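Source file: run31.cif. Holds: mmCIF, N, CA and C atoms.
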```cif
data_final
loop_
_atom_site.group_PDB
_atom_site.id
_atom_site.type_symbol
_atom_site.label_atom_id
_atom_site.label_comp_id
_atom_site.auth_asym_id
_atom_site.auth_seq_id
_atom_site.Cartn_x
_atom_site.Cartn_y
_atom_site.Cartn_z
ATOM 1 N N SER A 42 -0.026 -60.900 86.136
ATOM 2 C CA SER A 42 -0.298 -59.479 86.321
ATOM 3 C C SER A 42 1.000 -58.677 86.353
ATOM 4 N N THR A 43 1.726 -58.782 87.461
ATOM 5 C CA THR A 43 2.986 -58.067 87.620
ATOM 6 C C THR A 43 4.155 -58.889 87.091
ATOM 7 N N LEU A 44 5.351 -58.312 87.146
ATOM 8 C CA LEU A 44 6.551 -58.993 86.672
ATOM 9 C C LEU A 44 7.483 -59.324 87.833
ATOM 10 N N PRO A 45 8.369 -60.307 87.619
ATOM 11 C CA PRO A 45 9.333 -60.739 88.635
ATOM 12 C C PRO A 45 10.411 -59.692 88.894
ATOM 13 N N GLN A 46 11.488 -60.109 89.552
ATOM 14 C CA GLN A 46 12.589 -59.205 89.862
ATOM 15 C C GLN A 46 13.249 -58.693 88.587
ATOM 16 N N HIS A 47 14.034 -59.553 87.945
ATOM 17 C CA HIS A 47 14.724 -59.187 86.714
ATOM 18 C C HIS A 47 14.746 -60.358 85.735
ATOM 19 N N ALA A 48 13.569 -60.743 85.253
ATOM 20 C CA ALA A 48 13.454 -61.847 84.309
ATOM 21 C C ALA A 48 13.657 -61.369 82.876
ATOM 22 N N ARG A 49 14.896 -61.442 82.403
ATOM 23 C CA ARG A 49 15.224 -61.015 81.047
ATOM 24 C C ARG A 49 14.505 -61.878 80.016
ATOM 25 N N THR A 50 15.050 -63.064 79.760
ATOM 26 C CA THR A 50 14.461 -63.983 78.794
ATOM 27 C C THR A 50 15.010 -65.393 78.974
ATOM 28 N N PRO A 51 14.778 -65.973 80.161
ATOM 29 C CA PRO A 51 15.240 -67.326 80.485
ATOM 30 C C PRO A 51 14.487 -68.399 79.706
ATOM 31 N N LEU A 52 13.162 -68.305 79.709
ATOM 32 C CA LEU A 52 12.325 -69.267 79.001
ATOM 33 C C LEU A 52 12.783 -69.427 77.555
ATOM 34 N N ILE A 53 12.598 -68.377 76.762
ATOM 35 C CA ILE A 53 12.995 -68.399 75.360
ATOM 36 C C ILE A 53 14.446 -68.842 75.207
ATOM 37 N N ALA A 54 15.330 -68.242 75.999
ATOM 38 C CA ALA A 54 16.747 -68.576 75.955
ATOM 39 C C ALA A 54 16.957 -70.086 76.021
ATOM 40 N N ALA A 55 16.501 -70.695 77.111
ATOM 41 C CA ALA A 55 16.639 -72.134 77.295
ATOM 42 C C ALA A 55 16.119 -72.895 76.081
ATOM 43 N N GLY A 56 15.065 -72.369 75.464
ATOM 44 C CA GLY A 56 14.491 -73.013 74.298
ATOM 45 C C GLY A 56 15.489 -73.161 73.166
ATOM 46 N N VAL A 57 16.058 -72.042 72.730
ATOM 47 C CA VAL A 57 17.033 -72.051 71.647
ATOM 48 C C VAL A 57 18.275 -72.848 72.032
ATOM 49 N N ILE A 58 18.651 -72.768 73.305
ATOM 50 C CA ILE A 58 19.820 -73.483 73.801
ATOM 51 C C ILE A 58 19.605 -74.992 73.746
ATOM 52 N N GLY A 59 18.455 -75.439 74.241
ATOM 53 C CA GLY A 59 18.148 -76.857 74.238
ATOM 54 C C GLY A 59 18.191 -77.456 72.846
ATOM 55 N N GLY A 60 17.482 -76.830 71.912
ATOM 56 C CA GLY A 60 17.454 -77.323 70.547
ATOM 57 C C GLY A 60 18.836 -77.397 69.929
ATOM 58 N N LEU A 61 19.643 -76.368 70.164
ATOM 59 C CA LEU A 61 20.997 -76.319 69.623
ATOM 60 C C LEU A 61 21.881 -77.379 70.273
ATOM 61 N N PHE A 62 22.006 -77.308 71.594
ATOM 62 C CA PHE A 62 22.822 -78.262 72.337
ATOM 63 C C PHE A 62 22.446 -79.696 71.976
ATOM 64 N N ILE A 63 21.166 -80.019 72.119
ATOM 65 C CA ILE A 63 20.677 -81.356 71.808
ATOM 66 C C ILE A 63 21.091 -81.780 70.403
ATOM 67 N N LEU A 64 20.965 -80.861 69.453
ATOM 68 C CA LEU A 64 21.329 -81.138 68.067
ATOM 69 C C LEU A 64 22.835 -81.337 67.928
ATOM 70 N N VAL A 65 23.599 -80.586 68.715
ATOM 71 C CA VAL A 65 25.054 -80.682 68.683
ATOM 72 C C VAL A 65 25.519 -82.097 69.004
ATOM 73 N N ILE A 66 24.945 -82.679 70.052
ATOM 74 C CA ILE A 66 25.300 -84.031 70.463
ATOM 75 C C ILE A 66 24.878 -85.054 69.415
ATOM 76 N N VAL A 67 23.588 -85.065 69.092
ATOM 77 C CA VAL A 67 23.056 -85.991 68.101
ATOM 78 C C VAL A 67 23.821 -85.890 66.786
ATOM 79 N N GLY A 68 23.917 -84.675 66.255
ATOM 80 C CA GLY A 68 24.625 -84.464 65.006
ATOM 81 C C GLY A 68 26.022 -85.052 65.025
ATOM 82 N N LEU A 69 26.831 -84.618 65.985
ATOM 83 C CA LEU A 69 28.201 -85.105 66.109
ATOM 84 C C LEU A 69 28.226 -86.620 66.283
ATOM 85 N N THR A 70 27.346 -87.127 67.141
ATOM 86 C CA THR A 70 27.266 -88.559 67.397
ATOM 87 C C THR A 70 27.151 -89.345 66.096
ATOM 88 N N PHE A 71 26.428 -88.783 65.132
ATOM 89 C CA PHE A 71 26.240 -89.432 63.840
ATOM 90 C C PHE A 71 27.526 -89.391 63.019
ATOM 91 N N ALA A 72 28.108 -88.202 62.901
ATOM 92 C CA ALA A 72 29.341 -88.027 62.145
ATOM 93 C C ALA A 72 30.482 -88.830 62.761
ATOM 94 N N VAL A 73 30.414 -89.036 64.072
ATOM 95 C CA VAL A 73 31.441 -89.789 64.783
ATOM 96 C C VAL A 73 31.250 -91.290 64.596
ATOM 97 N N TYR A 74 30.027 -91.758 64.818
ATOM 98 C CA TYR A 74 29.712 -93.174 64.677
ATOM 99 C C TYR A 74 30.115 -93.686 63.297
ATOM 100 N N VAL A 75 29.830 -92.890 62.272
ATOM 101 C CA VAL A 75 30.164 -93.259 60.901
ATOM 102 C C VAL A 75 31.674 -93.328 60.702
ATOM 103 N N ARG A 76 32.375 -92.301 61.174
ATOM 104 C CA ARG A 76 33.826 -92.244 61.047
ATOM 105 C C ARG A 76 34.470 -93.507 61.609
ATOM 106 N N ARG A 77 33.884 -94.040 62.675
ATOM 107 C CA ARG A 77 34.403 -95.247 63.309
ATOM 108 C C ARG A 77 34.481 -96.396 62.307
ATOM 109 N N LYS A 78 33.683 -96.307 61.249
ATOM 110 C CA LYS A 78 33.662 -97.337 60.218
ATOM 111 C C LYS A 78 34.803 -97.137 59.224
ATOM 112 N N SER A 79 35.142 -95.878 58.967
ATOM 113 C CA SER A 79 36.215 -95.552 58.034
ATOM 114 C C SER A 79 37.571 -95.585 58.733
ATOM 115 N N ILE A 80 38.375 -96.589 58.402
ATOM 116 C CA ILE A 80 39.698 -96.736 58.995
ATOM 117 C C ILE A 80 40.706 -97.250 57.973
ATOM 118 N N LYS A 81 40.994 -96.429 56.969
ATOM 119 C CA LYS A 81 41.944 -96.799 55.926
ATOM 120 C C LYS A 81 41.551 -98.121 55.275
ATOM 121 N N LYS A 82 40.304 -98.206 54.826
ATOM 122 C CA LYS A 82 39.803 -99.414 54.181
ATOM 123 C C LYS A 82 40.323 -99.522 52.750
ATOM 124 N N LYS A 83 41.269 -100.431 52.536
ATOM 125 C CA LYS A 83 41.847 -100.637 51.214
ATOM 126 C C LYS A 83 40.893 -101.418 50.318
ATOM 127 N N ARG A 84 40.877 -101.073 49.034
ATOM 128 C CA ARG A 84 40.009 -101.743 48.073
ATOM 129 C C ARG A 84 40.676 -101.825 46.703
ATOM 130 N N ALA A 85 41.918 -102.295 46.684
ATOM 131 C CA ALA A 85 42.666 -102.426 45.439
ATOM 132 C C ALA A 85 42.888 -101.065 44.787
ATOM 133 N N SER B 42 19.918 -66.431 91.037
ATOM 134 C CA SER B 42 19.995 -66.641 92.479
ATOM 135 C C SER B 42 18.622 -66.978 93.052
ATOM 136 N N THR B 43 17.759 -65.970 93.139
ATOM 137 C CA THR B 43 16.416 -66.159 93.670
ATOM 138 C C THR B 43 15.440 -66.554 92.568
ATOM 139 N N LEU B 44 14.185 -66.773 92.946
ATOM 140 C CA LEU B 44 13.153 -67.156 91.988
ATOM 141 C C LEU B 44 12.144 -66.030 91.795
ATOM 142 N N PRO B 45 11.458 -66.041 90.642
ATOM 143 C CA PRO B 45 10.451 -65.027 90.311
ATOM 144 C C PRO B 45 9.198 -65.153 91.171
ATOM 145 N N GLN B 46 8.127 -64.490 90.747
ATOM 146 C CA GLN B 46 6.867 -64.528 91.480
ATOM 147 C C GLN B 46 6.467 -65.963 91.801
ATOM 148 N N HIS B 47 5.976 -66.677 90.791
ATOM 149 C CA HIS B 47 5.556 -68.062 90.966
ATOM 150 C C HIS B 47 5.801 -68.869 89.694
ATOM 151 N N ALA B 48 7.067 -69.167 89.423
ATOM 152 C CA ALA B 48 7.434 -69.933 88.238
ATOM 153 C C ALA B 48 7.740 -71.383 88.596
ATOM 154 N N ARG B 49 6.771 -72.264 88.362
ATOM 155 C CA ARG B 49 6.937 -73.680 88.662
ATOM 156 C C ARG B 49 8.274 -74.195 88.137
ATOM 157 N N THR B 50 8.356 -74.382 86.824
ATOM 158 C CA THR B 50 9.578 -74.872 86.196
ATOM 159 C C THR B 50 9.573 -74.595 84.696
ATOM 160 N N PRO B 51 9.507 -73.307 84.331
ATOM 161 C CA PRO B 51 9.495 -72.882 82.928
ATOM 162 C C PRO B 51 10.838 -73.108 82.243
ATOM 163 N N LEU B 52 11.910 -72.673 82.895
ATOM 164 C CA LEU B 52 13.254 -72.829 82.349
ATOM 165 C C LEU B 52 13.501 -74.270 81.914
ATOM 166 N N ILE B 53 13.568 -75.172 82.886
ATOM 167 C CA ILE B 53 13.797 -76.585 82.604
ATOM 168 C C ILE B 53 12.797 -77.109 81.579
ATOM 169 N N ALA B 54 11.522 -76.802 81.793
ATOM 170 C CA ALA B 54 10.468 -77.238 80.886
ATOM 171 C C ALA B 54 10.817 -76.906 79.438
ATOM 172 N N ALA B 55 10.998 -75.620 79.159
ATOM 173 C CA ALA B 55 11.338 -75.170 77.814
ATOM 174 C C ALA B 55 12.524 -75.949 77.258
ATOM 175 N N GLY B 56 13.477 -76.270 78.129
ATOM 176 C CA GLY B 56 14.651 -77.010 77.705
ATOM 177 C C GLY B 56 14.300 -78.348 77.083
ATOM 178 N N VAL B 57 13.586 -79.179 77.835
ATOM 179 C CA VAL B 57 13.186 -80.495 77.351
ATOM 180 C C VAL B 57 12.270 -80.379 76.138
ATOM 181 N N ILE B 58 11.414 -79.363 76.145
ATOM 182 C CA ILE B 58 10.485 -79.139 75.044
ATOM 183 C C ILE B 58 11.231 -78.799 73.757
ATOM 184 N N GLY B 59 12.192 -77.887 73.860
ATOM 185 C CA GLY B 59 12.966 -77.490 72.697
ATOM 186 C C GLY B 59 13.684 -78.659 72.053
ATOM 187 N N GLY B 60 14.414 -79.422 72.861
ATOM 188 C CA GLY B 60 15.143 -80.565 72.343
ATOM 189 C C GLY B 60 14.238 -81.569 71.658
ATOM 190 N N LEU B 61 13.077 -81.820 72.254
ATOM 191 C CA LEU B 61 12.120 -82.767 71.694
ATOM 192 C C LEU B 61 11.512 -82.229 70.403
ATOM 193 N N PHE B 62 10.838 -81.088 70.502
ATOM 194 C CA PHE B 62 10.211 -80.467 69.342
ATOM 195 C C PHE B 62 11.206 -80.328 68.194
ATOM 196 N N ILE B 63 12.322 -79.658 68.465
ATOM 197 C CA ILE B 63 13.354 -79.454 67.456
ATOM 198 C C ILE B 63 13.778 -80.778 66.828
ATOM 199 N N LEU B 64 13.915 -81.804 67.661
ATOM 200 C CA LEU B 64 14.314 -83.125 67.188
ATOM 201 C C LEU B 64 13.221 -83.747 66.326
ATOM 202 N N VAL B 65 11.969 -83.498 66.696
ATOM 203 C CA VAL B 65 10.831 -84.032 65.956
ATOM 204 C C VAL B 65 10.858 -83.571 64.503
ATOM 205 N N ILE B 66 11.085 -82.278 64.302
ATOM 206 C CA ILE B 66 11.135 -81.711 62.960
ATOM 207 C C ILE B 66 12.318 -82.265 62.174
ATOM 208 N N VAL B 67 13.518 -82.100 62.725
ATOM 209 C CA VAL B 67 14.730 -82.586 62.078
ATOM 210 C C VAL B 67 14.620 -84.071 61.749
ATOM 211 N N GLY B 68 14.291 -84.873 62.757
ATOM 212 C CA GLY B 68 14.159 -86.303 62.555
ATOM 213 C C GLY B 68 13.233 -86.643 61.405
ATOM 214 N N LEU B 69 11.995 -86.168 61.483
ATOM 215 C CA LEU B 69 11.009 -86.426 60.439
ATOM 216 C C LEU B 69 11.499 -85.915 59.089
ATOM 217 N N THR B 70 12.043 -84.703 59.081
ATOM 218 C CA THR B 70 12.552 -84.099 57.856
ATOM 219 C C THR B 70 13.510 -85.041 57.136
ATOM 220 N N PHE B 71 14.289 -85.790 57.910
ATOM 221 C CA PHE B 71 15.248 -86.732 57.344
ATOM 222 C C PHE B 71 14.536 -87.942 56.747
ATOM 223 N N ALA B 72 13.655 -88.551 57.535
ATOM 224 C CA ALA B 72 12.905 -89.717 57.084
ATOM 225 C C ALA B 72 12.018 -89.374 55.893
ATOM 226 N N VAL B 73 11.582 -88.119 55.828
ATOM 227 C CA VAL B 73 10.726 -87.663 54.740
ATOM 228 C C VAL B 73 11.540 -87.380 53.482
ATOM 229 N N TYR B 74 12.623 -86.628 53.643
ATOM 230 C CA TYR B 74 13.487 -86.282 52.520
ATOM 231 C C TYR B 74 13.949 -87.535 51.783
ATOM 232 N N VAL B 75 14.315 -88.562 52.545
ATOM 233 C CA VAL B 75 14.776 -89.817 51.966
ATOM 234 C C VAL B 75 13.655 -90.516 51.204
ATOM 235 N N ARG B 76 12.488 -90.608 51.833
ATOM 236 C CA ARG B 76 11.336 -91.251 51.215
ATOM 237 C C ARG B 76 11.048 -90.650 49.842
ATOM 238 N N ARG B 77 11.267 -89.345 49.716
ATOM 239 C CA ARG B 77 11.028 -88.648 48.459
ATOM 240 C C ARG B 77 11.836 -89.277 47.327
ATOM 241 N N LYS B 78 12.913 -89.967 47.689
ATOM 242 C CA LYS B 78 13.771 -90.618 46.705
ATOM 243 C C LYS B 78 13.193 -91.967 46.288
ATOM 244 N N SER B 79 12.556 -92.651 47.234
ATOM 245 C CA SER B 79 11.961 -93.955 46.964
ATOM 246 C C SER B 79 10.546 -93.803 46.414
ATOM 247 N N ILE B 80 10.391 -94.049 45.119
ATOM 248 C CA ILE B 80 9.091 -93.941 44.470
ATOM 249 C C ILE B 80 8.724 -95.236 43.753
ATOM 250 N N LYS B 81 8.523 -96.297 44.527
ATOM 251 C CA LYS B 81 8.164 -97.595 43.968
ATOM 252 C C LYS B 81 9.167 -98.025 42.902
ATOM 253 N N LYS B 82 10.446 -98.013 43.261
ATOM 254 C CA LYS B 82 11.504 -98.405 42.338
ATOM 255 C C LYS B 82 11.551 -99.920 42.175
ATOM 256 N N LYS B 83 11.099 -100.401 41.021
ATOM 257 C CA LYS B 83 11.091 -101.831 40.738
ATOM 258 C C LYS B 83 12.495 -102.327 40.404
ATOM 259 N N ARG B 84 12.802 -103.548 40.828
ATOM 260 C CA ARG B 84 14.111 -104.138 40.573
ATOM 261 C C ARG B 84 13.995 -105.643 40.353
ATOM 262 N N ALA B 85 13.078 -106.039 39.476
ATOM 263 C CA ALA B 85 12.869 -107.450 39.175
ATOM 264 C C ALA B 85 12.398 -108.211 40.410
#
```

Could you take the file, read its structure, and then write that structure out as structure tokens?
Amino acid sequence: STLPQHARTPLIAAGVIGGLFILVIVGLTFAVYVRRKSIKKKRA
Amino acid sequence: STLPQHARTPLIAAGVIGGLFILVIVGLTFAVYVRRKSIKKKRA
């Protein structure tokens, strides 16, 4: 019915933040894990 | 600082939901995009 004190947009905010942050870790984790394999691998 | 009228746990909730949902799409999108490449490729 009524509204809280000063609820701007926490719900939605957290939503976009979670998806981004979560993706930041996973994404980087992938690019990092792979890089660990590349270490000046000579091949003639 | 304080809490709204009666908000159980929307903030945190949305957080976990976003990361999961967002991950669901991205994850599947990857497994799907790749599958599009595999079309019963015979190799003897």

Write out as a CSV table (one decimal) with N, CA and C atoms, in the frame of the given file all residues of chain B that backbone DSSP assigns to alpha helix (DSSP H).
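Heads up, here's the output in selection_1.csv:
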```
chain,number,residue,atom,x,y,z
B,51,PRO,N,9.5,-73.3,84.3
B,51,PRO,CA,9.5,-72.9,82.9
B,51,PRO,C,10.8,-73.1,82.2
B,52,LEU,N,11.9,-72.7,82.9
B,52,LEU,CA,13.3,-72.8,82.3
B,52,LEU,C,13.5,-74.3,81.9
B,53,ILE,N,13.6,-75.2,82.9
B,53,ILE,CA,13.8,-76.6,82.6
B,53,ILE,C,12.8,-77.1,81.6
B,54,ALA,N,11.5,-76.8,81.8
B,54,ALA,CA,10.5,-77.2,80.9
B,54,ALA,C,10.8,-76.9,79.4
B,55,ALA,N,11.0,-75.6,79.2
B,55,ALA,CA,11.3,-75.2,77.8
B,55,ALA,C,12.5,-75.9,77.3
B,56,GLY,N,13.5,-76.3,78.1
B,56,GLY,CA,14.7,-77.0,77.7
B,56,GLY,C,14.3,-78.3,77.1
B,57,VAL,N,13.6,-79.2,77.8
B,57,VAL,CA,13.2,-80.5,77.4
B,57,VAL,C,12.3,-80.4,76.1
B,58,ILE,N,11.4,-79.4,76.1
B,58,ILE,CA,10.5,-79.1,75.0
B,58,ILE,C,11.2,-78.8,73.8
B,59,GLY,N,12.2,-77.9,73.9
B,59,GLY,CA,13.0,-77.5,72.7
B,59,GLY,C,13.7,-78.7,72.1
B,60,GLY,N,14.4,-79.4,72.9
B,60,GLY,CA,15.1,-80.6,72.3
B,60,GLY,C,14.2,-81.6,71.7
B,61,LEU,N,13.1,-81.8,72.3
B,61,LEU,CA,12.1,-82.8,71.7
B,61,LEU,C,11.5,-82.2,70.4
B,62,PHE,N,10.8,-81.1,70.5
B,62,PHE,CA,10.2,-80.5,69.3
B,62,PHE,C,11.2,-80.3,68.2
B,63,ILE,N,12.3,-79.7,68.5
B,63,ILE,CA,13.4,-79.5,67.5
B,63,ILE,C,13.8,-80.8,66.8
B,64,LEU,N,13.9,-81.8,67.7
B,64,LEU,CA,14.3,-83.1,67.2
B,64,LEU,C,13.2,-83.7,66.3
B,65,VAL,N,12.0,-83.5,66.7
B,65,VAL,CA,10.8,-84.0,66.0
B,65,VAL,C,10.9,-83.6,64.5
B,66,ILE,N,11.1,-82.3,64.3
B,66,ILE,CA,11.1,-81.7,63.0
B,66,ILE,C,12.3,-82.3,62.2
B,67,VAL,N,13.5,-82.1,62.7
B,67,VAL,CA,14.7,-82.6,62.1
B,67,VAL,C,14.6,-84.1,61.7
B,68,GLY,N,14.3,-84.9,62.8
B,68,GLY,CA,14.2,-86.3,62.6
B,68,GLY,C,13.2,-86.6,61.4
B,69,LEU,N,12.0,-86.2,61.5
B,69,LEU,CA,11.0,-86.4,60.4
B,69,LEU,C,11.5,-85.9,59.1
B,70,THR,N,12.0,-84.7,59.1
B,70,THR,CA,12.6,-84.1,57.9
B,70,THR,C,13.5,-85.0,57.1
B,71,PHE,N,14.3,-85.8,57.9
B,71,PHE,CA,15.2,-86.7,57.3
B,71,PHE,C,14.5,-87.9,56.7
B,72,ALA,N,13.7,-88.6,57.5
B,72,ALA,CA,12.9,-89.7,57.1
B,72,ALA,C,12.0,-89.4,55.9
B,73,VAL,N,11.6,-88.1,55.8
B,73,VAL,CA,10.7,-87.7,54.7
B,73,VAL,C,11.5,-87.4,53.5
B,74,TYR,N,12.6,-86.6,53.6
B,74,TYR,CA,13.5,-86.3,52.5
B,74,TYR,C,13.9,-87.5,51.8
B,75,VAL,N,14.3,-88.6,52.5
B,75,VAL,CA,14.8,-89.8,52.0
B,75,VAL,C,13.7,-90.5,51.2
B,76,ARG,N,12.5,-90.6,51.8
B,76,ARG,CA,11.3,-91.3,51.2
B,76,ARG,C,11.0,-90.6,49.8
```

Could you list, as a VMD selection string, the residues of chain A having an atom within 7 Å of chain B when counting only C-alpha atoms? chain A and resid 45 to 46 51 to 52 55 to 57 59 to 60 63

Go ahead and dump the residues you just picked, N, CA and C atoms, as an mmCIF file, in the coordinates of the input.
```cif
data_model
loop_
_atom_site.group_PDB
_atom_site.id
_atom_site.type_symbol
_atom_site.label_atom_id
_atom_site.label_comp_id
_atom_site.auth_asym_id
_atom_site.auth_seq_id
_atom_site.Cartn_x
_atom_site.Cartn_y
_atom_site.Cartn_z
ATOM 1 N N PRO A 45 8.369 -60.307 87.619
ATOM 2 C CA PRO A 45 9.333 -60.739 88.635
ATOM 3 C C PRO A 45 10.411 -59.692 88.894
ATOM 4 N N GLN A 46 11.488 -60.109 89.552
ATOM 5 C CA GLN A 46 12.589 -59.205 89.862
ATOM 6 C C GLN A 46 13.249 -58.693 88.587
ATOM 7 N N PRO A 51 14.778 -65.973 80.161
ATOM 8 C CA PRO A 51 15.240 -67.326 80.485
ATOM 9 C C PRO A 51 14.487 -68.399 79.706
ATOM 10 N N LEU A 52 13.162 -68.305 79.709
ATOM 11 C CA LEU A 52 12.325 -69.267 79.001
ATOM 12 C C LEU A 52 12.783 -69.427 77.555
ATOM 13 N N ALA A 55 16.501 -70.695 77.111
ATOM 14 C CA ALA A 55 16.639 -72.134 77.295
ATOM 15 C C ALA A 55 16.119 -72.895 76.081
ATOM 16 N N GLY A 56 15.065 -72.369 75.464
ATOM 17 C CA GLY A 56 14.491 -73.013 74.298
ATOM 18 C C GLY A 56 15.489 -73.161 73.166
ATOM 19 N N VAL A 57 16.058 -72.042 72.730
ATOM 20 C CA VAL A 57 17.033 -72.051 71.647
ATOM 21 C C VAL A 57 18.275 -72.848 72.032
ATOM 22 N N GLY A 59 18.455 -75.439 74.241
ATOM 23 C CA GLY A 59 18.148 -76.857 74.238
ATOM 24 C C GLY A 59 18.191 -77.456 72.846
ATOM 25 N N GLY A 60 17.482 -76.830 71.912
ATOM 26 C CA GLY A 60 17.454 -77.323 70.547
ATOM 27 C C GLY A 60 18.836 -77.397 69.929
ATOM 28 N N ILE A 63 21.166 -80.019 72.119
ATOM 29 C CA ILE A 63 20.677 -81.356 71.808
ATOM 30 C C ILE A 63 21.091 -81.780 70.403
#
```

Fit chain A to chain B, all Cα atoms paired in order, least squares. Then write it as a compact mmCIF listing (two decimals) with N, CA and C atoms, in the coordinates of the input.
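Dumped everything to out-v7.txt:
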```
# COMPACT_ATOMS: atom_id res chain seq x y z
N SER A 42 18.72 -64.15 95.29
CA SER A 42 18.33 -64.16 96.70
C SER A 42 16.89 -64.66 96.85
N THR A 43 15.94 -63.81 96.49
CA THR A 43 14.52 -64.15 96.59
C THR A 43 14.03 -64.83 95.32
N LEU A 44 12.77 -65.24 95.32
CA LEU A 44 12.18 -65.90 94.16
C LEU A 44 11.12 -65.02 93.51
N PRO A 45 10.83 -65.29 92.23
CA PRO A 45 9.83 -64.53 91.46
C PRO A 45 8.41 -64.79 91.94
N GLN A 46 7.43 -64.41 91.13
CA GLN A 46 6.03 -64.60 91.47
C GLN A 46 5.70 -66.09 91.59
N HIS A 47 5.59 -66.76 90.44
CA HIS A 47 5.28 -68.18 90.42
C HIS A 47 6.06 -68.89 89.31
N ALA A 48 7.38 -68.93 89.46
CA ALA A 48 8.23 -69.58 88.47
C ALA A 48 8.36 -71.07 88.75
N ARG A 49 7.49 -71.86 88.12
CA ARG A 49 7.51 -73.30 88.30
C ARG A 49 8.81 -73.90 87.80
N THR A 50 8.91 -74.08 86.48
CA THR A 50 10.10 -74.65 85.87
C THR A 50 10.13 -74.37 84.37
N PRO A 51 10.16 -73.08 84.00
CA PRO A 51 10.19 -72.66 82.60
C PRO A 51 11.52 -72.97 81.93
N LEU A 52 12.62 -72.61 82.59
CA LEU A 52 13.95 -72.85 82.06
C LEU A 52 14.12 -74.31 81.66
N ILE A 53 14.13 -75.20 82.65
CA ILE A 53 14.28 -76.63 82.39
C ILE A 53 13.27 -77.10 81.35
N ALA A 54 12.01 -76.73 81.54
CA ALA A 54 10.95 -77.12 80.62
C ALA A 54 11.35 -76.83 79.17
N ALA A 55 11.60 -75.56 78.87
CA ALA A 55 12.00 -75.16 77.53
C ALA A 55 13.16 -76.01 77.02
N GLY A 56 14.05 -76.38 77.92
CA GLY A 56 15.20 -77.19 77.54
C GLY A 56 14.79 -78.52 76.92
N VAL A 57 14.01 -79.30 77.66
CA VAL A 57 13.55 -80.60 77.18
C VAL A 57 12.68 -80.44 75.94
N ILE A 58 11.89 -79.37 75.90
CA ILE A 58 11.01 -79.11 74.77
C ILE A 58 11.81 -78.82 73.51
N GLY A 59 12.80 -77.94 73.63
CA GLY A 59 13.63 -77.59 72.49
C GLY A 59 14.30 -78.79 71.87
N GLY A 60 14.98 -79.58 72.70
CA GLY A 60 15.66 -80.77 72.21
C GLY A 60 14.72 -81.73 71.51
N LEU A 61 13.55 -81.93 72.09
CA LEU A 61 12.56 -82.84 71.52
C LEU A 61 12.01 -82.29 70.21
N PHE A 62 11.42 -81.10 70.28
CA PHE A 62 10.85 -80.46 69.10
C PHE A 62 11.86 -80.42 67.96
N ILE A 63 13.04 -79.86 68.24
CA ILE A 63 14.09 -79.76 67.23
C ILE A 63 14.38 -81.12 66.61
N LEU A 64 14.45 -82.15 67.45
CA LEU A 64 14.72 -83.50 66.98
C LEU A 64 13.56 -84.03 66.14
N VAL A 65 12.35 -83.65 66.51
CA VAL A 65 11.16 -84.08 65.79
C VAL A 65 11.21 -83.65 64.33
N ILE A 66 11.58 -82.39 64.10
CA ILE A 66 11.67 -81.85 62.75
C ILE A 66 12.79 -82.53 61.97
N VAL A 67 14.01 -82.46 62.51
CA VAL A 67 15.17 -83.06 61.87
C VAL A 67 14.92 -84.53 61.56
N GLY A 68 14.54 -85.29 62.59
CA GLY A 68 14.28 -86.70 62.42
C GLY A 68 13.31 -86.98 61.28
N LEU A 69 12.12 -86.39 61.36
CA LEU A 69 11.11 -86.58 60.33
C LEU A 69 11.63 -86.14 58.96
N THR A 70 12.29 -84.99 58.93
CA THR A 70 12.84 -84.46 57.69
C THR A 70 13.69 -85.50 56.98
N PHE A 71 14.41 -86.30 57.75
CA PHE A 71 15.27 -87.34 57.19
C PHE A 71 14.44 -88.49 56.63
N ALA A 72 13.51 -88.99 57.44
CA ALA A 72 12.65 -90.09 57.03
C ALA A 72 11.79 -89.69 55.83
N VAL A 73 11.48 -88.40 55.74
CA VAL A 73 10.66 -87.88 54.64
C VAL A 73 11.48 -87.72 53.37
N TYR A 74 12.64 -87.08 53.49
CA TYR A 74 13.52 -86.85 52.35
C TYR A 74 13.85 -88.17 51.66
N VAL A 75 14.12 -89.20 52.45
CA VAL A 75 14.45 -90.51 51.91
C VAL A 75 13.26 -91.12 51.18
N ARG A 76 12.09 -91.07 51.82
CA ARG A 76 10.88 -91.62 51.23
C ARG A 76 10.64 -91.04 49.84
N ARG A 77 10.99 -89.78 49.66
CA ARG A 77 10.81 -89.10 48.38
C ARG A 77 11.54 -89.85 47.27
N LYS A 78 12.54 -90.63 47.65
CA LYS A 78 13.32 -91.40 46.69
C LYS A 78 12.61 -92.70 46.33
N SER A 79 11.91 -93.28 47.30
CA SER A 79 11.18 -94.52 47.08
C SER A 79 9.80 -94.25 46.49
N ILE A 80 9.63 -94.61 45.22
CA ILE A 80 8.36 -94.40 44.54
C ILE A 80 8.05 -95.56 43.59
N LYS A 81 7.82 -96.74 44.16
CA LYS A 81 7.51 -97.92 43.36
C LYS A 81 8.59 -98.17 42.32
N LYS A 82 9.84 -98.22 42.77
CA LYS A 82 10.97 -98.46 41.87
C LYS A 82 11.06 -99.93 41.48
N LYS A 83 10.69 -100.23 40.24
CA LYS A 83 10.73 -101.60 39.75
C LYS A 83 12.15 -102.02 39.42
N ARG A 84 12.47 -103.29 39.68
CA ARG A 84 13.80 -103.82 39.42
C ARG A 84 13.73 -105.28 38.99
N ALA A 85 12.87 -105.57 38.03
CA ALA A 85 12.70 -106.93 37.53
C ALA A 85 12.20 -107.86 38.62
```

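Coordinates place atom CA of residue 71 of chain B at a distance of 21.8 Å from atom CA of residue 77 of chain A.
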
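A straight line drawn from atom CA of residue 70 of chain B to atom CA of residue 79 of chain A is 26.3 Å long.
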
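We find atom CA of residue 69 of chain A and atom N of residue 76 of chain B to be spaced 21.9 Å apart.
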